[PDB]
Each structure stands twice: as C-alpha cells, then as structure tokens.
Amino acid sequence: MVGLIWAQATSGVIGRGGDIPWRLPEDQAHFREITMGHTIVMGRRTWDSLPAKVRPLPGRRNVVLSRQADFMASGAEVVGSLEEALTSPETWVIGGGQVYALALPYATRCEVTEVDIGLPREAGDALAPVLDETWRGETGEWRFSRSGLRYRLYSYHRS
C-alpha cells in the first residue's frame, strides 16, 4: 500500500518559498495519525522543510529521496530512487510536488486536506498532483480550524 498525503489550497498550491503558507493544527494531527508507525517518503526539499524539532518525524521510518549520493539526513535513510523506499506494508509519500508526481503511479490512496484559502498559483509554487478518472473520491464536510481557515478532508482511492 502506497498512499499520498497532502494539504492544498483550493488552487492546488501545496508549497511556496520552500515552505507552506498556512498551518492547521488539526491537519497536522490528522497527518500524524495517518502516518504514525509507517514508512514516510519525502523529497530532499521537504526534509529540509521539516521543523528541526520533528526531524526525523517520530515513530516512523523516515526516507528521503535525493540525487546527491552523499546527502546526509540525520535520522533518515537517504535513497536515490523511489523504488528503494517501498519495502514496508504501508508507505506514505509526504511530498513535495516533485515526489508526489513521481509516486502517483504507485499509489492507491490519497488523503487530501483542502484548505479554504484563496491562493492563486505563482511560478515556483509546488502543486498537488492531478487525480484522473481512475480515482474514486470520498469527501467529508467542511470543518473550522482554530487557525481561522475552513478545511475538509478527501479520501481518494483506487485499486
């Protein structure tokens, strides 16, 4: 099982300036619940974006994809191809834009948080992958985050 998990603006933006232009504590808690105990696979830029406090993210096998053969990520495994990272029964791809796109053909689940923020797409933004016909979607209801933004969770799946 390979799943992707991400939060996006309605426009599809997931990242800007190497970070994320919002933070929803309820969404991060959901992220922790879904990924805890499992493999998480991330691009090197997303590793760099993790707060030092949660590098590596606890209770998870942290795997970092990089083309730098000697890149070191303390507490993580650094691999040079995505296939090396897919050995565990449940693997969660946690971004960013490049690695979501690379992982999508392997994926059967996407856990998507849509954030009700009006953020037009800009050059250099990281974007959510596009989910075609093969994906079946189940939406939840809109919720209010203590951060002030509304959000809702989509669970997409395919065989």
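Residue positions are given as counts along the sequence shown, with the first one as 1. Here, rigid core means the biggest group of C-alpha atoms that superpose within 1.5 Å across both forms.
Taken in 9 other deposited structures of this protein and fitted on the core, 47 to 55 and 90 to 98 differ in how far their Cα atoms move from the shown form, and the one that moves more is 47 to 55. Looking at mean Cα B-factors across 131 to 139 and 144 to 152, the upper value is held by 131 to 139.
Relative to its counterpart among 46 to 54 and 114 to 122, 46 to 54 has the higher mean temperature factor, C-alpha atoms as listed in the PDB entry. Comparing the listed residues 69, 107, 29, 65, the entry records the largest Cα B-factor for 69. In this PDB entry, the Cα temperature factor of residue 18 sits in the top third of its chain's modelled residues, the highest group.
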